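Quick notes on the structure that follows.
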Amino acid sequence: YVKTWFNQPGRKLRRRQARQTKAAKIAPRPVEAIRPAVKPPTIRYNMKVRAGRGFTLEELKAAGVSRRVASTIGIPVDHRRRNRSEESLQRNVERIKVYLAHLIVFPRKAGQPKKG
Amino acid sequence: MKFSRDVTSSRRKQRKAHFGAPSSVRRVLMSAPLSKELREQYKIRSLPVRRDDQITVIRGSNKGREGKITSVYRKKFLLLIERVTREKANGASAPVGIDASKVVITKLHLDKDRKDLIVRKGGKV
Amino acid sequence: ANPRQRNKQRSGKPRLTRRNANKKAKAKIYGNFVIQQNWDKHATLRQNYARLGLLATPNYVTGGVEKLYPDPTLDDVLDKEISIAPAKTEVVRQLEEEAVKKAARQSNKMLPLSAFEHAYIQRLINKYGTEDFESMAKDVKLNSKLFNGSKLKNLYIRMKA
Amino acid sequence: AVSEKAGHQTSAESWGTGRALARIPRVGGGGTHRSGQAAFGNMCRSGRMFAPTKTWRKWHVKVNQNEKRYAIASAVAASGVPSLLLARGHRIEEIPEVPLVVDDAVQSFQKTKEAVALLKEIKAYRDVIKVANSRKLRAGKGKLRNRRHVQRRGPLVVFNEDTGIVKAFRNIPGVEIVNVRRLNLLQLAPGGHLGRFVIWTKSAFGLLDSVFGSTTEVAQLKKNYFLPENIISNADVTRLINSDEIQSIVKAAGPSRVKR
RNA sequence: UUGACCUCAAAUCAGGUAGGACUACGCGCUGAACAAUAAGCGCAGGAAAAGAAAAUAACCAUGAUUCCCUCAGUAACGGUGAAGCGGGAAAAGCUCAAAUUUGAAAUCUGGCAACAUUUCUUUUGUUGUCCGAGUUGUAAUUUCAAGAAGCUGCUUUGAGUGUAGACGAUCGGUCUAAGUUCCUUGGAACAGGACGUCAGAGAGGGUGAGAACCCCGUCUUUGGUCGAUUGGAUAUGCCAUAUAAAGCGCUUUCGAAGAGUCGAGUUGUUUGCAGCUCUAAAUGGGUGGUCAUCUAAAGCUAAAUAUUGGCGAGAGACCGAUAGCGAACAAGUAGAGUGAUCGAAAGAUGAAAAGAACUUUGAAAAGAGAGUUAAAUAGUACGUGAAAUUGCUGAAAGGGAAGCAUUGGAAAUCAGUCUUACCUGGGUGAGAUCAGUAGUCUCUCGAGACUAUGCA
RNA sequence: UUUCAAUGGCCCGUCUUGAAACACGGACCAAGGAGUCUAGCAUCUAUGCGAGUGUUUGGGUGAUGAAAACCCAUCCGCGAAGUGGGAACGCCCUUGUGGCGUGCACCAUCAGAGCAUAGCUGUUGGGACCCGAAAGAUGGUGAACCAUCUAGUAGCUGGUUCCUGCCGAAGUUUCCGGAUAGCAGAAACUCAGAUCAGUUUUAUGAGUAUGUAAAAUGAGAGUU
RNA sequence: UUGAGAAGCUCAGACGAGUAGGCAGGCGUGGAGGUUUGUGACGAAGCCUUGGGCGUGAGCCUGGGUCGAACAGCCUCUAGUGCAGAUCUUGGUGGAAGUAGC
RNA sequence: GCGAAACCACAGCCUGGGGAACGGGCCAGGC
RNA sequence: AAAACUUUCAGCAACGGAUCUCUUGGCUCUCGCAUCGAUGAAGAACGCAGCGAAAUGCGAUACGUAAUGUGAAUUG
């Protein structure tokens, strides 16, 4: 079998139309969730900083965001990752704190019974 | 140039659509211009032909002839106009088919459906 | 060529033609009305987010960015408090203005007491005063539901207002 | 590409060697004239054509991005030479100037008759009339394949920002409208021939320095791009050969074509 | 005994559900030859599968799955051939078993009766009541990332039902620029020439020959308009079983974690898997380099991915009727074979049938006189009509070959051409690029175009 | 053009064979009918940039087709890791002649050149120039038959399509199917004040010849 | 002296078999980009011809006839691109033959 | 009266010599 | 040696269907979508078209009925 790439420009267009389709549904919030900053796990790459999967629970507790609130305002949680050093904790705590500064959370209507 | 991806410029698909068209489409494919008097009085440029329509032949050997449309032959996309015939071997008169775009409508067989059509297509009466 | 596709070629029945081909046209915006009004339909979502002053991605972009015109320490990270951010556009100000005003409208968080709740807390207060909530919770006769001091404190607070 | 089973749909076997006939397999069965007819071969009727065409032939070809920028720069330079425009088939004999730059108010034309008036005022409509007259029916099987007509190329209008210039010019036969930021070699050297008649707006011409840069200064819109340098500074070889510096040290020329 | 419970049956009892087909892509099982190979068998969906670590690593550590690029034709193995990292696309997390609700089976199906609701009189529910299920365990709560129970004071809250409008999606209607002016050729003008128009429309097709302006359309339309069916929000009225339910915080109190499995021996298939014999543990067990990491033997899950089938669509440096699908047409047809299976050849009169009336010969088929057509050198043996081949006619040649070459003759037949212009007058008038001339226009004084006048 | 006269003229292709003899293929005409596509490798040329180089996995963008063109974030691949002769130049000065210096590349004596693309050629895989050899296996139908794997396997058979021009062998030493070499070309080098020869001599010797060394004749030669 | 498509023009001498093989330049075909302000119902393409011409050749131009709707030169791109053979494939058609014979 | 098929490079007098068969084509003689 | 017969050439008539031109077909690529069946599917058979060459359509309501839309056809 020989795989051909004639749909390469048609996949590019289809993926872009999905981003536009996604943005139409969720109008003002970002098309991606904020990702942490981590360091790759080798002696070849540990100097580089890249994006992680989600923020650790210890990073969210320091930033002031609970693990149940976090998912609702676009902050992924990684229950697996941990902070073995204070630099990873502070690098990503500041990342969450900056995110909260630039964030507008629209209020939600709440059911409110008469008494009690 | 056409910019819609919903319309085909393919000669294969354009010819198949025209020659395989159903009767309710050939009614629109068989349209004729109106005379200048009707065109600037009904505010309509062209209308589909119909029986009892009074037309003038504009092109062909029979150019200049006039008469009512006895019947429209939608199978072959032809009009049959009264007194526009051809003599056969035995002297019987065989009518000659004329394309609907080769005639001009000098008088309209007005009906309520066509009267509604005129006011629909920006016209007046 | 297929017997099924040849069958509808040999038939007189028309195809179930559906004219849906519309490329280069982008999805129309719903959800937020403020974004919809200020969203143009020709520009991309990156161009519209930037024009409206929002961020499409809180991360890096995995490619180039268009250039249309030539350009002319844990204590201080944990105890710090970032001073929010200014609104670069009138749309962002419009979004921010709506959020604060609506939150102010929906701010009545304190709750009243029902007939049972009021009579419950009132009877406890008439015997143990208003400051001794620990002995209020330990009275099995009047505190049948066995509410602790913190629940009884919140009951009294809601009764005050 | 042809079908992946064409010429092999039938069933046949080799009858044998020495039976006074070619040993090509002949279709079995009976009742149909296929009995004894050969297949599975280029020569045999309804047989497999030799080396069936495949879809994974290399259709696209890579060029270094720097060569592409060189070609587009060299094709833009060729569009500022009136002789190269004439030799490519453009009727620019009455154009006031080359390069032909027009005001930015052209960028907001809305009607085609506004565009046609401008082309007639700068005498650029002689090229459009050439394109209209050249429209012929294409020769060959190309016109069975949605290539019905052929014609020449008109002026290439290059703008900076669009305010109706594209819609006001697109229906004029031959005229192609492009943005200065994405210049196309298919449109700057049609057929591979240099010297396209290009009309610029004032804003597009002012943005050419940022698109291409200079031979010493980097382009603003292309990261780390410099215009190519030339193997010769002055390309008038007659000027070097017939110069005072060179003609003063050459030995006395022998005759031209010599006597027998 | 009555009577409960457990069984074992029965009913044309009520309500359901499975089969077969397709199978391009998908997931299992099975399997030869020349490899998870074709076949064979089983089972799905719009995707499937996989999937929230008994995962990598050895780092400053990473963090479900899937796909792409790279790692890499590398390690390893014996030519086969990965994976970790790295770069992208997409991102979403969760549900049980193991706890006493024990101050109250708090849970559920069904019958019946009302009340609603609908893509829908076809759909889907609500409330009430009775019966059954269920304590050999149905709810709430918990899933290790934890959590429970207490305590504390901060922050929280709808599985309700209408109305209105806006924003989207889907289906069906509707709205839409300009020559058929003049001359020539022609059977026909859609050709050529002239003079015009429209152009957000100069795509394509049709019309008696190359049609932007004759017609359908195309552009506007990345929309106005009229309805129909819908989705997520907004605003607002009413209702709200809150004596409730959550997040965070704090501890002189607690914290269950899946077995004929893991694993060991051995035998087969292709390490995994499978059989057989044996058969566990509790900081235990797995996988790695004392240390690190994970937490199996239970379950669910969109997106990125695949797609020779199905419902449509738009295209192409493709083929052009011995090609391209076997099939451009009565094509899986005719036809063949007991059957499995096999399987063709075959497109084009003309603008219009105007498809040859009528007379005549003949038993008839047909023929001849006519007739239609621009054309019958277009007559359905139908566009063009090559070669091989055949008949007739004419000319030439010809003792058992032709045969080709070279050079000429003869005969036939062609190209293959001409004096018509130059020079020098004179006469006559003619007029500009000539005026002992006057104006205008376009370039730049004088350069072109003209106008008036004179023709010395 | 036909025909006559004079002179000449064995049937084409394939294989064979010094050669033919041969044996093959050819009733005739039309149409079809065979070195293709692709992956890797190496040489050479062109093009871009150059201690760098490569945009197209992807993202951005592209209103006039938007599968094009245009733009580039992070990676990654491949690279980086003194004396003589001599090209060229200046200065002379008996000026030419020569000398005095400066000496690239490269060879003798003791101050990175890559990377990408395109084309050419060679080569290895895929069906692999085309037609050719009994099959075997799987699954069916009534030892047989049918369908697929299959374009299975070929060192062998037959065939393999336009023109002109310029070069042009060998058909065999030697070791041993071969690696050499020879023959024939290409490129880069150094040279005509240099060498060379199916050459003839002279003479030294050695035994009419012989080899060697150094005069005539011819040609510019030697290389890698 | 005009003779600079410097890829041109020009002067001189020598030389000419050729298989395998090496090299160079050309002819022709289908389609593509460009061009000829190209040809065509006052006749495109095709075919026919003891018409004429050009080229060493592949081939090309043209008259006449037939015909009826398209087509070509130049630069570049591309490939299912050139036939006398394959006991080649398909189709048509001959001599054997009005024979063998029924 | 109805009517094939095999086969088919082209041919069809000898005599000699022609070295490779050469006679059916070639060379000198008859026909 | 003329005829016949044979051969060659040309004219005309046959034979054949090449070539050319095109073409509601194929082939290839890309894009959108998710929809069979015990409520009887796919397939097969037999019937109905005033005639239809077949082919198509349909099912005893048989080349369809109801409803909606267009608005005057059908056609050999």
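Chain labels follow the order of the structure tokens: the first chain is A, the next B, and so on; residue numbering restarts at 1 in every chain, and ligands are counted from 1 in their shown order.
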Just want the 9 Å neighbourhood of region 2-11 of chain I, counted on only C-alpha atoms (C1' of nucleotides), with same-chain residues fewer than 4 positions away dropped. Output as a PDB file with N, CA, C and O atoms (P, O5', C5', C4', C3', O3' and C1' of nucleotides), in the first residue's frame.
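The new file out_36.pdb reads:
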```
ATOM      1  P     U E 393     -15.306  -3.949 -70.182  1.00  0.00           P
ATOM      2  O5'   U E 393     -14.812  -2.440 -70.288  1.00  0.00           O
ATOM      3  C5'   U E 393     -15.711  -1.403 -70.647  1.00  0.00           C
ATOM      4  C4'   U E 393     -15.085  -0.045 -70.466  1.00  0.00           C
ATOM      5  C3'   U E 393     -13.773   0.186 -71.192  1.00  0.00           C
ATOM      6  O3'   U E 393     -13.929   0.467 -72.570  1.00  0.00           O
ATOM      7  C1'   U E 393     -13.573   0.948 -68.974  1.00  0.00           C
ATOM      8  P     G E 394     -12.830  -0.055 -73.619  1.00  0.00           P
ATOM      9  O5'   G E 394     -11.614   0.954 -73.429  1.00  0.00           O
ATOM     10  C5'   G E 394     -11.757   2.325 -73.760  1.00  0.00           C
ATOM     11  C4'   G E 394     -10.611   3.153 -73.238  1.00  0.00           C
ATOM     12  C3'   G E 394      -9.219   2.736 -73.679  1.00  0.00           C
ATOM     13  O3'   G E 394      -8.893   3.155 -74.993  1.00  0.00           O
ATOM     14  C1'   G E 394      -9.207   3.131 -71.362  1.00  0.00           C
ATOM     15  P     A E 395      -7.982   2.220 -75.929  1.00  0.00           P
ATOM     16  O5'   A E 395      -6.498   2.508 -75.433  1.00  0.00           O
ATOM     17  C5'   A E 395      -5.952   3.815 -75.505  1.00  0.00           C
ATOM     18  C4'   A E 395      -4.731   3.960 -74.633  1.00  0.00           C
ATOM     19  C3'   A E 395      -3.597   2.984 -74.894  1.00  0.00           C
ATOM     20  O3'   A E 395      -2.802   3.323 -76.016  1.00  0.00           O
ATOM     21  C1'   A E 395      -4.000   3.087 -72.585  1.00  0.00           C
ATOM     22  P     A E 396      -2.189   2.160 -76.938  1.00  0.00           P
ATOM     23  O5'   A E 396      -1.019   1.537 -76.052  1.00  0.00           O
ATOM     24  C5'   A E 396       0.172   2.267 -75.807  1.00  0.00           C
ATOM     25  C4'   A E 396       0.954   1.700 -74.649  1.00  0.00           C
ATOM     26  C3'   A E 396       1.583   0.332 -74.858  1.00  0.00           C
ATOM     27  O3'   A E 396       2.785   0.371 -75.603  1.00  0.00           O
ATOM     28  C1'   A E 396       0.497   0.373 -72.772  1.00  0.00           C
ATOM     29  P     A E 397       3.184  -0.870 -76.541  1.00  0.00           P
ATOM     30  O5'   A E 397       3.668  -1.990 -75.516  1.00  0.00           O
ATOM     31  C5'   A E 397       4.846  -1.810 -74.743  1.00  0.00           C
ATOM     32  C4'   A E 397       4.919  -2.794 -73.603  1.00  0.00           C
ATOM     33  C3'   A E 397       5.083  -4.257 -73.983  1.00  0.00           C
ATOM     34  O3'   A E 397       6.420  -4.607 -74.293  1.00  0.00           O
ATOM     35  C1'   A E 397       3.384  -4.057 -72.362  1.00  0.00           C
ATOM     36  P     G E 398       6.727  -5.742 -75.388  1.00  0.00           P
ATOM     37  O5'   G E 398       6.200  -7.087 -74.717  1.00  0.00           O
ATOM     38  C5'   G E 398       6.873  -7.661 -73.607  1.00  0.00           C
ATOM     39  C4'   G E 398       6.085  -8.798 -73.005  1.00  0.00           C
ATOM     40  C3'   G E 398       5.810  -9.982 -73.920  1.00  0.00           C
ATOM     41  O3'   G E 398       6.909 -10.870 -74.034  1.00  0.00           O
ATOM     42  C1'   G E 398       3.815  -9.367 -72.831  1.00  0.00           C
ATOM     43  P     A E 402      10.568 -10.764 -65.983  1.00  0.00           P
ATOM     44  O5'   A E 402       9.967  -9.772 -64.888  1.00  0.00           O
ATOM     45  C5'   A E 402       8.818  -8.985 -65.167  1.00  0.00           C
ATOM     46  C4'   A E 402       7.878  -8.942 -63.987  1.00  0.00           C
ATOM     47  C3'   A E 402       8.197  -7.918 -62.908  1.00  0.00           C
ATOM     48  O3'   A E 402       7.741  -6.606 -63.203  1.00  0.00           O
ATOM     49  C1'   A E 402       7.836 -10.002 -61.893  1.00  0.00           C
TER      50        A E 402
ATOM     51  P     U F   1       8.060   9.756 -61.567  1.00  0.00           P
ATOM     52  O5'   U F   1       6.859   9.155 -62.417  1.00  0.00           O
ATOM     53  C5'   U F   1       5.555   9.080 -61.864  1.00  0.00           C
ATOM     54  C4'   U F   1       4.530   8.737 -62.912  1.00  0.00           C
ATOM     55  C3'   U F   1       4.821   7.503 -63.745  1.00  0.00           C
ATOM     56  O3'   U F   1       4.464   6.300 -63.088  1.00  0.00           O
ATOM     57  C1'   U F   1       4.174   9.277 -65.162  1.00  0.00           C
ATOM     58  P     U F   2       5.379   4.990 -63.245  1.00  0.00           P
ATOM     59  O5'   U F   2       4.982   4.420 -64.676  1.00  0.00           O
ATOM     60  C5'   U F   2       3.652   4.011 -64.953  1.00  0.00           C
ATOM     61  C4'   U F   2       3.391   3.941 -66.436  1.00  0.00           C
ATOM     62  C3'   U F   2       4.306   3.028 -67.237  1.00  0.00           C
ATOM     63  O3'   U F   2       3.934   1.662 -67.170  1.00  0.00           O
ATOM     64  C1'   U F   2       4.140   5.111 -68.325  1.00  0.00           C
TER      65        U F   2
ATOM     66  P     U G  50      -0.635   9.700 -58.196  1.00  0.00           P
ATOM     67  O5'   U G  50       0.100   9.742 -59.607  1.00  0.00           O
ATOM     68  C5'   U G  50       1.512   9.850 -59.687  1.00  0.00           C
ATOM     69  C4'   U G  50       1.945  10.613 -60.913  1.00  0.00           C
ATOM     70  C3'   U G  50       1.280  11.957 -61.142  1.00  0.00           C
ATOM     71  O3'   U G  50       1.832  12.981 -60.339  1.00  0.00           O
ATOM     72  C1'   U G  50       1.379  10.750 -63.178  1.00  0.00           C
TER      73        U G  50
END
```
Subject >> Members of region 2-236 of chain D assigned strand (DSSP E) by DSSP, as a ChimeraX atom specification >> reply: /D:12-13,26-27,100-102,136-137,149-150,156-159,176-179,198-201
Subject >> Expected answer as a VMD selection string: alpha helix (DSSP H) residues in chain A >> reply: chain A and resid 8 to 25 57 to 63 67 to 70 86 to 101
Mind checking which residues fall within 12 Å of residue 146 (chain C), counting only C-alpha atoms (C1' of nucleotides), ignoring those fewer than 2 positions away in the same chain, and posting them as a PDB file with N, CA and C atoms (P, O5', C5', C4', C3', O3' and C1' of nucleotides), in the first residue's frame?
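Everything below was put into part20.pdb:
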```pdb
ATOM      1  N   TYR C 120     -36.748  27.380  65.126  1.00  0.00           N
ATOM      2  CA  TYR C 120     -35.701  26.516  65.642  1.00  0.00           C
ATOM      3  C   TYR C 120     -34.622  27.334  66.310  1.00  0.00           C
ATOM      4  N   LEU C 124     -33.525  28.206  70.607  1.00  0.00           N
ATOM      5  CA  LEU C 124     -32.187  27.975  71.141  1.00  0.00           C
ATOM      6  C   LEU C 124     -31.620  29.239  71.770  1.00  0.00           C
ATOM      7  N   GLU C 134     -21.504  26.885  71.656  1.00  0.00           N
ATOM      8  CA  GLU C 134     -21.027  25.536  71.936  1.00  0.00           C
ATOM      9  C   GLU C 134     -21.996  24.793  72.845  1.00  0.00           C
ATOM     10  N   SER C 135     -22.473  25.458  73.898  1.00  0.00           N
ATOM     11  CA  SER C 135     -23.509  24.872  74.737  1.00  0.00           C
ATOM     12  C   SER C 135     -24.856  24.836  74.033  1.00  0.00           C
ATOM     13  N   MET C 136     -25.046  25.670  73.009  1.00  0.00           N
ATOM     14  CA  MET C 136     -26.274  25.619  72.224  1.00  0.00           C
ATOM     15  C   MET C 136     -26.368  24.320  71.436  1.00  0.00           C
ATOM     16  N   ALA C 137     -25.246  23.860  70.881  1.00  0.00           N
ATOM     17  CA  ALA C 137     -25.244  22.638  70.086  1.00  0.00           C
ATOM     18  C   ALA C 137     -25.354  21.386  70.943  1.00  0.00           C
ATOM     19  N   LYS C 138     -24.950  21.458  72.208  1.00  0.00           N
ATOM     20  CA  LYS C 138     -24.914  20.295  73.082  1.00  0.00           C
ATOM     21  C   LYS C 138     -26.236  20.039  73.794  1.00  0.00           C
ATOM     22  N   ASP C 139     -27.260  20.851  73.548  1.00  0.00           N
ATOM     23  CA  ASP C 139     -28.562  20.669  74.180  1.00  0.00           C
ATOM     24  C   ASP C 139     -29.381  19.779  73.251  1.00  0.00           C
ATOM     25  N   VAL C 140     -29.548  18.513  73.634  1.00  0.00           N
ATOM     26  CA  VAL C 140     -30.224  17.556  72.761  1.00  0.00           C
ATOM     27  C   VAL C 140     -31.713  17.854  72.650  1.00  0.00           C
ATOM     28  N   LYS C 141     -32.318  18.410  73.702  1.00  0.00           N
ATOM     29  CA  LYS C 141     -33.760  18.629  73.698  1.00  0.00           C
ATOM     30  C   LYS C 141     -34.162  19.670  72.660  1.00  0.00           C
ATOM     31  N   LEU C 142     -33.501  20.825  72.668  1.00  0.00           N
ATOM     32  CA  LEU C 142     -33.846  21.895  71.742  1.00  0.00           C
ATOM     33  C   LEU C 142     -33.140  21.760  70.404  1.00  0.00           C
ATOM     34  N   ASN C 143     -31.919  21.229  70.394  1.00  0.00           N
ATOM     35  CA  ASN C 143     -31.195  20.973  69.149  1.00  0.00           C
ATOM     36  C   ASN C 143     -31.413  19.519  68.734  1.00  0.00           C
ATOM     37  N   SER C 144     -32.638  19.249  68.280  1.00  0.00           N
ATOM     38  CA  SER C 144     -32.997  17.896  67.869  1.00  0.00           C
ATOM     39  C   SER C 144     -32.208  17.460  66.642  1.00  0.00           C
ATOM     40  N   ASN C 148     -24.321  21.710  64.706  1.00  0.00           N
ATOM     41  CA  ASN C 148     -23.154  22.118  65.469  1.00  0.00           C
ATOM     42  C   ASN C 148     -23.168  23.630  65.678  1.00  0.00           C
ATOM     43  N   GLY C 149     -22.153  24.131  66.384  1.00  0.00           N
ATOM     44  CA  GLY C 149     -22.093  25.555  66.666  1.00  0.00           C
ATOM     45  C   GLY C 149     -21.964  26.407  65.421  1.00  0.00           C
ATOM     46  N   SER C 150     -21.283  25.896  64.396  1.00  0.00           N
ATOM     47  CA  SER C 150     -21.084  26.677  63.180  1.00  0.00           C
ATOM     48  C   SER C 150     -22.372  26.799  62.378  1.00  0.00           C
ATOM     49  N   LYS C 151     -23.184  25.744  62.352  1.00  0.00           N
ATOM     50  CA  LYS C 151     -24.472  25.836  61.677  1.00  0.00           C
ATOM     51  C   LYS C 151     -25.426  26.745  62.438  1.00  0.00           C
ATOM     52  N   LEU C 152     -25.408  26.672  63.769  1.00  0.00           N
ATOM     53  CA  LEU C 152     -26.265  27.544  64.565  1.00  0.00           C
ATOM     54  C   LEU C 152     -25.816  28.996  64.472  1.00  0.00           C
TER      55      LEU C 152
ATOM     56  P     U E 243     -36.047  25.097  54.794  1.00  0.00           P
ATOM     57  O5'   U E 243     -35.253  23.930  55.526  1.00  0.00           O
ATOM     58  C5'   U E 243     -34.056  24.193  56.249  1.00  0.00           C
ATOM     59  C4'   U E 243     -33.762  23.099  57.246  1.00  0.00           C
ATOM     60  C3'   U E 243     -33.447  21.737  56.637  1.00  0.00           C
ATOM     61  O3'   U E 243     -32.552  21.035  57.498  1.00  0.00           O
ATOM     62  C1'   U E 243     -35.387  21.566  57.963  1.00  0.00           C
TER      63        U E 243
END
```
**OP:** Pick out the residues sitting within 12 Å of residue 260 (chain D), and hand them over as a ChimeraX atom specification; count only C-alpha atoms (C1' of nucleotides), and ignore anything fewer than 6 positions along from it in its own chain.
**Re:** /G:10-12
**OP:** With a cut-off of 7 Å and counting only C-alpha atoms, select all residues of chain C in contact with chain B and give the selection as a PyMOL selection string.
**Re:** chain C and resi 19-22
